[PDB]
Amino acid sequence: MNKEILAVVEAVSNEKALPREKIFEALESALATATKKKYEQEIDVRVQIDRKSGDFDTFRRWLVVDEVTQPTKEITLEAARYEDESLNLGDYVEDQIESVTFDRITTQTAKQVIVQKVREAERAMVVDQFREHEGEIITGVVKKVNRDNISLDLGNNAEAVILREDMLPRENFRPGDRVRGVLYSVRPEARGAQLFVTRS
Amino acid sequence: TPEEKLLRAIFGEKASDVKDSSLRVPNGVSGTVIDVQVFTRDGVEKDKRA
Amino acid sequence: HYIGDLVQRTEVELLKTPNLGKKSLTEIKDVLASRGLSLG
Amino acid sequence: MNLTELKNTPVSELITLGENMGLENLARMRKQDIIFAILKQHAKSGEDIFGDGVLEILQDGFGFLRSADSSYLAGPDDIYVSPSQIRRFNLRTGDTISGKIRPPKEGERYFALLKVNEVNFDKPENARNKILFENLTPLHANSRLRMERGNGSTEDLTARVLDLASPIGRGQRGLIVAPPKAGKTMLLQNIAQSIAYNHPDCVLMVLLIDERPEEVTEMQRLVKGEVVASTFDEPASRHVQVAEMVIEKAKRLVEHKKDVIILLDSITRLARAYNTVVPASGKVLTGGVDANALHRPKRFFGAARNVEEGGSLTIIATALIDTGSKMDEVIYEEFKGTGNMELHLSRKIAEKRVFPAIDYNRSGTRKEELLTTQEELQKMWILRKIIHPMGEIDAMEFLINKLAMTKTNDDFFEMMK
Amino acid sequence: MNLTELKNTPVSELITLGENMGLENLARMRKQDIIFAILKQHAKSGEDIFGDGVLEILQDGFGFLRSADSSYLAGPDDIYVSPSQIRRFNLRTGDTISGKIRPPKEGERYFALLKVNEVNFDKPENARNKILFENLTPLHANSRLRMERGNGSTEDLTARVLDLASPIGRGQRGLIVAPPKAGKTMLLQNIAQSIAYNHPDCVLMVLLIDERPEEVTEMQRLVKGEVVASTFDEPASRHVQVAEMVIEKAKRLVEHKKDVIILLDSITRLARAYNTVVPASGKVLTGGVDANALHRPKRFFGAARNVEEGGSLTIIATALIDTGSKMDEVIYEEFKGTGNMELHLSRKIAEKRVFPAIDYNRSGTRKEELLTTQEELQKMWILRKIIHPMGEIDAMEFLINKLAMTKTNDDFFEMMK
RNA sequence: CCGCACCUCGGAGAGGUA
């Protein structure tokens, strides 16, 4: 049994930073990223471990598709024929499990992923506190000007974004300008949700 | 952040900004290793090879 | 027995037979990821 | 070529078959490995293999078809069920899956399901369209399950006393409260035999949890039915898993309009197991029981009910009191206010070798008029009014002397008037 | 030139032999070093070396042949067992392996095993083809083990009282509940002597774990059998390893159709050792007991059972109550609902110097009709009904005064009528 | 990682090669 990661997931957790599930998700995502950066021409490798005593196993997966794009991570429907073609397009999980490769140097990016997910959890806590103390017009500072989206800043490890369709068509913003906007909903964006703000 | 070093001190897992500075063999030259010497400063603990 | 006979047929045709296993399919995929064999 | 057929065969015939096929020495090998090698050699020829078992869907998505002979325990020869097959047929935990299987190929460790032929002992077309157990309208016990056989054996006296004290019907939810060394094993065996003889259509399931292996092998070789047991040598997690598998199978069978009866003499042991396997929450009630430890056994107990659309779920469990542990006392006091039938047994009468030592005064059945006629209810009321003044041992002696006069309770009631 | 024979000889004879052979000064050398040197010198001449011991497979795959005189303590001078021979002969932990050995070459530290000649003190052909203990059909206690000597000795009074209170048979799983300073040592010694005298075929085993060295050396020099012990000077891991080796040897003997009787006096100490060596799970029960701490001792206790195919395993443990620690009370309350025999001892009777101070009222055996005849059971029932109204001290005095009149209980039974 | 215990990638010098 891997007592090293077990002591970490048992001790560091339970302090509102690790909910016993996001910590395991971050650890398996970091292991997957390490295995991806280890191979040269083999991308999109995943790993799932959701048990204390149970060790982790690296099962490289392919993308089920009827085309030949990305020949390094694509598989055909004849491999799903064993399941009577039940594997619909858009879902990619099936393959034989291969040899796992654990190492102490792989913890470098693992710690980075862990602290990034802790920062994301702290951002979620700040969002919860904002919702607890919402109901007033706020001001924010823009950071970047992307396509059909801007950003807001309130320096308490918080952040907000405004959709361009909700803003004025004539007004274009620039970093350093204060923006007045009331937030109404938070959609679950990938790699962490973000508070969406609307003016119209 | 001083919290990450506490975590690094909690578990034995290595975590640092590793840069490669190993002694390599120059180009052209070759040969067979016939002797290896190791000198360690006083106080510092010796390693397996030493 | 030779790799040429297996490379003459596509991986989809090889997966359509119960004689091949999961480990064999994984090895074939790992060999084909290098663009050396099993390229249709 | 069936999995259970090859599993029920003895070791001698399997070793002989393996030696005739010309394989590695099967004497120093497990039965499961022998069956695995035989199935591999048979599938190499080209024939189809079939299997069966109750589905157990894990948290990751995949499922396993556990076998009945292993009391639904994780074995190496389990049938792997991919999540795609679960998504196609909308399978759930408890659904028996009897269909064509294949041996695990290179790199695999579990048998794969190629095509399902039978679902819950029925066609999959009838199982795809079914009414859930949560949608069934609950009602009181309507159909009477007369425990009295009427043959006239001395074993039928317990069933007769039970029928005269607390009648049991289809879907009845009762508790047999009894201190240790009261005679619960013999009473449970008599109940099972009476149910098997009088009502052979009712599926009988004797679930044992945290019991002795001698009692297990005595129960298995005595009753004519399916016996799922889990001795104390297994951890509480295995007990909880076996209980969940059994209750899921029972619910899935009831959903197919079947009369399932579960005789689990482990309600207190199951509560202890749940309290042991529950993570610590920092809030401990009186008796060492967690605030959420009793929720799962309370729901398991209350799951028993009578279905009007078809089928029934009868659960007759025995409880323990005066065990020297206050935890069992708190468990009994909490479970008393939940059910609607209590069968108390007296240790004082049991020490006198007077069976059945049933507390006739404290016994009773809620809404008993739905399982007994008006004249039968009046006769029971008269018997209660005659028995109540006498003492417990005196009442037992009176009942024994009265039942010794005739063979059936009908003649007794006719002669009493 | 066996290893056990050379280890049983005193140091003086070994030094004399080493000086006669013409080696270096052995006075300042260890006995094991003397054995190693004389084995090297004897193998130099060309003679073969033989050894034996019970196999102890490690986690890495290989194992060693430990000796019984050292409680299977890890030692640098033992018979190394390569994983190749383990895979070849299907060896497991507990198999007594005897065969030819050789001195270790340069770079080795253990004696290598070449060929096994005898397995479990039997032919290897009968040991390779056998039915495992997990496949043996369990049964209740059928055969009777009469502890009564019959020689009319004053020591036989304890055995007579035991047979009158709790008859013990082959495969019985009992418990000796007693407070500290009650007389468990003398009672266990008398039980061991009666077993060795009346039933020599039975394999008597005494496992005194976490006890005083004086009691160990007293037990070894008093009873006629094997006494494997582990004093408190050794860590709890030593206790766990000794218990594992003992239970594996017992299981192997039962599989070899042997009647093994294990007298355990450290069940509470073994449970404490398991609770100490278990990794922190994070959930603590009432009394400081871990969730997975009671699994191993409960399985060790439940291993005892009666085998119909041949042999039996009897385990009579001794419990500890009123020790001032609530952990022992919780352990006793948990293990009480597991066995089917309790032999309680009263401290009030022990304070009056009335030995043995056996609680006759709280004692008893379940399914005692399977170990005694009908008339014997009726006489025991009558004796209990006559004794029950009297007090414990008065009952013990009456029983002593009645048994003192004659030598055997048959005369007392004949005079009672 | 905060507290053990069950009642309703440079500069100088020396030597050498053509």
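Residues numbered from 1 in each chain as written, not as in the entry; some residues may be left out. Chains lettered and ligands numbered in written order. Part of a larger assembly, values for the part shown. Heavy atoms only, no water. Residues with missing side-chain atoms left out of burial classes, pairs and counts.

As recorded in the PDB header, cryo-EM is the method behind this entry, and the stated resolution is 3.8 Å.

Student: So what exactly am I meant to see when it comes to the overall build of chain C here?
Tutor: Looking only at helices and strands, chain C has three helices and zero strands in total. Secondary structure of chain C in N-to-C order comes out as α-α-α. By its C-alpha atoms, chain C is 25 × 20 × 15 Å across when sized along the principal axes. (Helix = DSSP H or I, 4+ residues; strand = E, 2+ residues; numbered from the N terminus.)

Student: What is the right way to look at the arrangement of the chains in this model?
Tutor: Of all six pairs of chains in contact, the one with the most contacts involves chains D and E. Considering only C-alpha positions, the minimal separation of the non-contacting chain B and chain C is 28 Å. With no contact between them, chain C and chain E keep their nearest C-alpha atoms 26 Å apart. (Contact = heavy atoms within 4.5 Å.)

Student: For this particular structure, what's the right way to read the protein's contact with RNA strand F?
Tutor: By nearness alone, 13 residues border RNA strand F, and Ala-11 and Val-12 of chain A, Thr-286 and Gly-287 of chain D together with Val-284 of chain E come closest of all. Those atoms of RNA strand F that come within 4 Å of the protein belong to sugar or phosphate at a rate of 68%. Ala-11 of chain A places a polar main-chain atom, nitrogen or oxygen, 3.0 Å from a sugar or linking oxygen of RNA strand F. Note that a phosphate oxygen of RNA strand F is positioned 2.9 Å from one of the backbone N or O atoms of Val-12 of chain A. (Near = heavy atom within 4 Å. Polar contact = N/O pair within 3.5 Å; in protein donor to acceptor, adjacent residues only side chain to side chain.)

Student: Help me understand the interface of chain E and chain D in this model?
Tutor: Interface size is commonly expressed as the accessible area that is lost once the parts come together. Taken together, the contact pairs 25 residues of chain E with 25 residues of chain D. Overall, the association of chain E and chain D removes approximately 2300 Å² of surface from exposure, summing both partners, and the carbon and sulfur fraction of that is 45%. If you look at where chain E meets chain D, you find three salt bridges. The partner of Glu-214 of chain D in a salt bridge is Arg-173 of chain E, and the shortest N-O contact between them spans 3.4 Å. (Buried area = accessible area lost by both parts, 1.4 Å probe. Salt bridge = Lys/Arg side-chain N within 4 Å of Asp/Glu carboxyl O.)

Student: Honestly, the interface of chain D and chain C in this entry has me stumped. Any pointers?
Tutor: Counting residues at the interface gives four residues for chain D, matched by seven residues for chain C. When its residues are assigned to classes, the side of chain D that touches chain C shows no nonpolar, one polar and three charged. (Nonpolar A, V, L, I, M, F, W, Y, C, P; charged D, E, K, R; others polar.)

Student: What is the right way to read the pairing of strand β5 (residues 111-119) of chain E from this model?
Tutor: Regular strands show a simple pattern: their side chains alternate between the two faces of the sheet. The pairing of strand β3 (residues 79-81) of chain E with β5 of chain E spans two bridges and is parallel. For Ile-79 of chain E, the partnering residue across the bridge sits in β5 of chain E and is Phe-111 of chain E. (Pairing = 2+ DSSP bridges.)

Student: Would you take a moment to explain the sheet that holds strand β6 (residues 152-154) of chain A for this structure?
Tutor: Paired through their backbone hydrogen bonds, the strands of a sheet run either parallel or antiparallel. All names here are of chain A. Taken in spatial order, the five strands of this open sheet run β5-β8-β9-β7-β6, and their pairing is mixed. Looking at which strands have only one partner, the edges of the open sheet turn out to be β5 (138-141) and β6. This sheet shows a mean twist of 50° between the axes of neighbouring strands, independent of strand direction. The pairing of strand β8 (residues 178-187) with strand β9 (residues 194-198) spans five bridges and is classified as antiparallel. Bridge assignment links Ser-185 to a residue of β9, and that residue is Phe-196. (Axes fitted to C-alpha atoms, helices over the stretch in contact; angles between N-to-C directions.)

Student: What's the story with the domain arrangement of chain A in this structure? I'm lost.
Tutor: All names here are of chain A. Domain boundaries assigned for chain A yield domain 1 (3-125) and domain 2 (126-198). Of the residues lining the interface, five residues belong to domain 1; the matching set on domain 2 comes to 12 residues. Around 630 Å² of area is buried between domain 1 and domain 2 when both sides are counted, 32% of it from carbon and sulfur atoms. Among the residues domain 1 hides against domain 2, the three largest losses belong to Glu-122, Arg-123 and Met-125. Together they make up 79% of the total. Residues of the side of domain 1 that touches domain 2, tallied by class, amount to two nonpolar, no polar and three charged. (Domains from an automatic or database assignment.)

Student: What am I meant to see in the pairing of strand β8 (residues 173-178) of chain D here?
Tutor: All names here are of chain D. In terms of residue burial, β8 counts as a mostly covered element, since six of its six residues are buried. Both faces of β8 are covered, namely the face carrying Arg-173, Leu-175 and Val-177 and the face carrying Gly-174, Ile-176 and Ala-178. Of the pairings in the sheet, the one linking β8 to strand β13 (residues 312-320) comprises six bridges and is parallel in character. Its bridge partner lying in β13, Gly-174 is registered against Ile-316. Bridge count for β8 against strand β14 (residues 342-344) is three bridges, and the pairing is parallel. Its bridge partner being in β14, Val-177 is matched across the sheet by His-344. (Buried < 20%, exposed > 50% of the residue type's maximum accessible area, 1.4 Å probe, protein only.)

Student: Whenever I open this one, the nonpolar core confuses me. Can you help?
Tutor: Proteins that are soluble and globular tend to have nonpolar side chains buried together. Residue and element names in this part refer to chain E. In terms of nonpolar packing, the biggest core is built from 41 residues, with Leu-164, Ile-191, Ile-261, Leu-263 and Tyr-360 touching the most fellow members. When neighbours within four sequence positions are excluded, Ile-261 is seen to be in contact with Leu-145, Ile-195, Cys-202, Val-203, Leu-204, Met-205 and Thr-314. Residues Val-228, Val-260, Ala-271 and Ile-331 belong to the second largest nonpolar core, which totals 40 residues. (Core = buried A, V, L, I, M, F, W, Y, C linked by side-chain atoms within 4.5 Å.)

Student: Got a minute to help me understand the sheet that holds strand β4 (residues 96-102) of chain E in this structure?
Tutor: Residues and elements named next belong to chain E. Spatial ordering of the closed barrel is given by β1-β2-β3-β5-β4, a layout of five strands whose pairing is mixed. Ignoring strand direction, the axes of neighbouring strands in this sheet form an average angle of 55°. By the bridge criterion, three bridges tie strand β2 (residues 63-66) to β3 in an arrangement that is antiparallel. Bridge assignment links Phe-64 to a residue of β3, and that residue is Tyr-80.

Student: Just checking my understanding: could you explain the side chain of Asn-190 of chain D for this structure?
Tutor: All names here are of chain D. By the secondary structure assignment, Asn-190 is in helix α7 (residues 184-198). Take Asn-190: its relative accessible area is 9%, and that puts it in the buried class. When near neighbours in sequence (up to four residues on either side) are disregarded, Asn-190 contacts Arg-149, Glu-155, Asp-156 and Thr-158.

Student: Teacher, can you tell me more about unusual backbone geometry here?
Tutor: A negative phi holds for most residues other than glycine; trans holds for most peptide bonds. Along the chain, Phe-355 of chain D connects to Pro-356 of chain D via a cis peptide bond; the corresponding omega equals 0°. Here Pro-356 of chain D lies in the loop between α13 (347-351) and α14 (374-387). Although it is not a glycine, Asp-44 of chain A sits at a positive phi angle of roughly 60°. Structurally, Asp-44 of chain A can be placed in the loop between α2 (22-38) and β1 (45-47). Positive phi, close to 60°, is recorded for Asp-210 of chain E, a residue that is not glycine.

Student: I'm lost on the pattern of salt bridges in this one. Help?
Tutor: One side chain can pair with another of opposite charge once the charged atoms of both are near each other. What the rule picks out here adds up to 47 salt bridges over all chains. Between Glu-255 of chain D and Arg-252 of chain D there is a salt bridge, with the nearest N and O atoms lying 3.0 Å from each other. Residue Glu-255 of chain D and its partner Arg-252 of chain D are both found in helix α9 (residues 236-255); the two are separated by three residues, about one turn of the helix. Take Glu-255 of chain D and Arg-252 of chain D: they sit in the same class, and that class is buried. Between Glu-255 of chain E and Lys-130 of chain E there is a salt bridge, and its shortest N-O distance comes to 3.1 Å. Taken together, the residues span a long stretch of sequence, with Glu-255 of chain E in helix α9 (residues 236-255) and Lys-130 of chain E in the loop between α5 (124-128) and β6 (138-139) at a distance of 125 residues. Its relative accessible area of 5% is what places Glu-255 of chain E among the buried residues.

Student: Looking at this structure, how should I read helix α7 (residues 184-198) of chain E?
Tutor: Because the α-helix completes a turn every 3.6 residues, residues three or four places apart line up on one side. Residue and element names in this part refer to chain E. Look at α7: 21 Å from first C-alpha to last across 15 residues, which is about the 21 Å you get at 1.5 Å a residue. Along α7, the positions that sit buried rather than exposed are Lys-184, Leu-187, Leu-188, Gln-189, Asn-190, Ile-191, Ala-192, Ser-194 and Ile-195. Those residues of α7 that are buried lie in contact with α6 (156-165), β7 (173-178), β8 (203-209), α8 (213-220), β10 (259-264) and β12 (312-320). (Expected span 1.5 Å × (residues − 1).)

Student: Even after reading the chapter, I still don't get the packing of helix α10 (residues 267-277) of chain D against helix α12 (residues 326-336) of chain D, so can you show me in this structure?
Tutor: Relative orientation and spacing of two packed helices are given, respectively, by the angle between their axes and the distance between those axes. All names here are of chain D. Running from N to C, α10 and α12 cross one another at 110°; their axes reach a closest spacing of 11 Å. Comparing the axis directions of α10 and α12 gives the class roughly perpendicular. Mapping the contact onto sequence places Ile-267, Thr-268, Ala-271 and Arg-272 in α10 and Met-327, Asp-328, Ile-331 and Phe-335 in α12. For the contact of α10 with α12, the class distribution of residues is five nonpolar, one polar and two charged. (Parallel < 35°, antiparallel > 145°, perpendicular 65-115°, else oblique.)

Student: Just checking my understanding: could you explain the packing of aromatic side chains for this structure?
Tutor: For any pair of aromatic rings, the description rests on two quantities: the centre-to-centre distance and the angle between the ring planes. All names here are of chain D. Under the defined criterion, the tally for this structure stands at 12 aromatic pairs over all chains. Here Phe-36 and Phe-111 contribute two aromatic rings whose centre-to-centre distance is 6.2 Å and whose plane-to-plane angle is 85°, an arrangement assigned as edge-to-face. Of this pair, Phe-36 sits in helix α3 (residues 31-45) while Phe-111 sits in strand β6 (residues 111-119), and the two are 75 residues apart along the sequence. A centroid spacing of 5.5 Å and a plane angle of 65° characterise the contact between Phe-62 and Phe-64, whose relative ring orientation is edge-to-face. Through successive ring pairs, a cluster of aromatic residues spans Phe-62, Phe-64, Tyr-80 and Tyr-110. Lying across the ring of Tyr-360, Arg-384 places its NZ or CZ 5.0 Å from the centre. (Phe/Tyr/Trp six-rings, centres within 6.5 Å; stacked < 30°, edge-to-face > 60°. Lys NZ or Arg CZ within 6 Å of the ring centre and 35° of its normal.)

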